[PDB]
Amino acid sequence: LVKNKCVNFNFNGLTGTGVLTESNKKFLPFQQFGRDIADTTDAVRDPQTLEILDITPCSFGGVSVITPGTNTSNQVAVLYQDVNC
Amino acid sequence: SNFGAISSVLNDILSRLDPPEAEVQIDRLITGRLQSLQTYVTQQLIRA
Amino acid sequence: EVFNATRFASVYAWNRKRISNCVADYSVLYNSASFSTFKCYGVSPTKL
Ligand SMILES: *[C@@H]1O[C@H](CO)[C@@H](O)[C@H](O)[C@H]1NC(C)=O
Ligand SMILES: *[C@@H]1O[C@H](CO)[C@@H](O)[C@H](O)[C@H]1NC(C)=O
Ligand SMILES: *[C@@H]1O[C@H](CO)[C@@H](O)[C@H](O)[C@H]1NC(C)=O
Ligand SMILES: *[C@@H]1O[C@H](CO)[C@@H](O)[C@H](O)[C@H]1NC(C)=O
């Protein structure tokens, strides 16, 4: 296992990608899947060590360009929408 | 929603079918989701 | 022990067998050319 990085993975035949972290919520001794409103799996029970892990997609981001017009000067500035510098 | 496909998750269907056979099922999902988005866009256009 | 059986039961008294808790290598099923009809419904042969 490896955590704290956006990785590609498959669990018992289901494929996915994102970052996996330890979970605090208590899982019933028979359930295996955690689902949200949009019907996307987020909680996985490991089949070897019997732990609960939570999957979160890594950073989305957004890029915008501020320009004063190429007719005058050829310089630009960059704006990131949700990136936390 | 299902929209008439075997499964509602793109990765699951993409991981269980031959791509020539899979090309006939993704189209239904694409059409359904596009038609879903258009209505919301139109409603927002009217409300503004 | 299913594909190599000596005698097969009649079609009106068919027998069913349960397979669980093991590992499978389906290659030998679709690698040999002895079979005459081999059809997969809902899944691809290789992806098994
Ligand atoms: C391997 O099987 C044994 C059970 O004897 C146990 O250690 C565990 O369930 C499995 N995984 C690892 C990493 O050992
Ligand atoms: C470009 O910028 C100059 C400087 O103001 C301006 O005179 C001109 O009309 C602009 N457009 C073109 C096509 O040169
Ligand atoms: C943005 O980054 C600063 C510096 O690390 C941090 O103090 C702040 O809490 C962050 N805000 C968000 C919303 O991530
Ligand atoms: C029966 O088993 C033998 C070896 O175990 C194998 O070579 C043969 O193909 C099998 N018969 C089938 C699959 O019809």
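Per the deposited record, determination of this structure is attributed to cryo-EM, with the resolution reported as 3.76 Å.

Along its length, chain A carries zero helices and seven strands. N-terminal to C-terminal, the α/β element order of chain A is β-β-β-β-β-β-β. Principal axes of the C-alpha set define a box for chain A whose edges measure 65 × 25 × 25 Å. Buried positions account for 19% of the 85 residues belonging to chain A. Counting only carbon and sulfur atoms, one obtains 54% of the accessible surface of chain A, whose full area is about 7100 Å². One finds the centroid of the 6 positive side-chain charges in chain A at a distance of 7 Å from the centroid of its 8 negative side-chain charges.

What follows covers the interface of chain C and chain B. Taken together, the four residues of chain C in the interface contact five residues of chain B. Summed over both sides, the interface of chain C with chain B buries roughly 350 Å², with 37% coming from carbon and sulfur. The largest share of the area that chain C buries against chain B comes from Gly42, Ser44 and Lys47 of chain C, three residues that together contribute 85% of it. Our count for the chain C to chain B interface comes out at zero salt bridges. In this structure, the connection of chain C to chain B is made through three residue pairs in polar contact. Here the residues of the side of chain C that touches chain B sort into one nonpolar, two polar and one charged.

Okay, the sheet that holds strand β5 (residues 52-56) of chain A next. All names here are of chain A. Pairing is antiparallel in the open sheet, where five strands are placed in the order β1-β2-β5-β4-β3. The open sheet has two edge strands, β1 (7-11) and β3 (33-35), and neither has a second partner. Between one strand axis and the next, the sheet turns by 45° as a mean value, whatever way the strands run. As paired strands, strand β2 (residues 14-22) and β5 are joined by four bridges and run antiparallel to one another. Looking at the pairing, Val19 lines up with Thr56 of β5.

About the thresholds
- Residues numbered from 1 in each chain as written, not as in the entry; some residues may be left out.
- Chains lettered and ligands numbered in written order.
- Part of a larger assembly, values for the part shown.
- Heavy atoms only, no water.
- Helix = DSSP H or I, 4+ residues; strand = E, 2+ residues; numbered from the N terminus.
- Buried < 20%, exposed > 50% of the residue type's maximum accessible area, 1.4 Å probe, protein only.
- Areas by Shrake-Rupley, 256 points an atom, 1.4 Å probe, with all protein chains shown as cover.
- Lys, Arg positive; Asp, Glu negative; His and termini not counted.
- Charge placed at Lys NZ, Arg CZ, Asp CG, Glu CD.
- Contact = heavy atoms within 4.5 Å.
- Buried area = accessible area lost by both parts, 1.4 Å probe.
- Salt bridge = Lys/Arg side-chain N within 4 Å of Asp/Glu carboxyl O.
- Polar contact = N/O pair within 3.5 Å; in protein donor to acceptor, adjacent residues only side chain to side chain.
- Nonpolar A, V, L, I, M, F, W, Y, C, P; charged D, E, K, R; others polar.
- Pairing = 2+ DSSP bridges.
- Axes fitted to C-alpha atoms, helices over the stretch in contact; angles between N-to-C directions.

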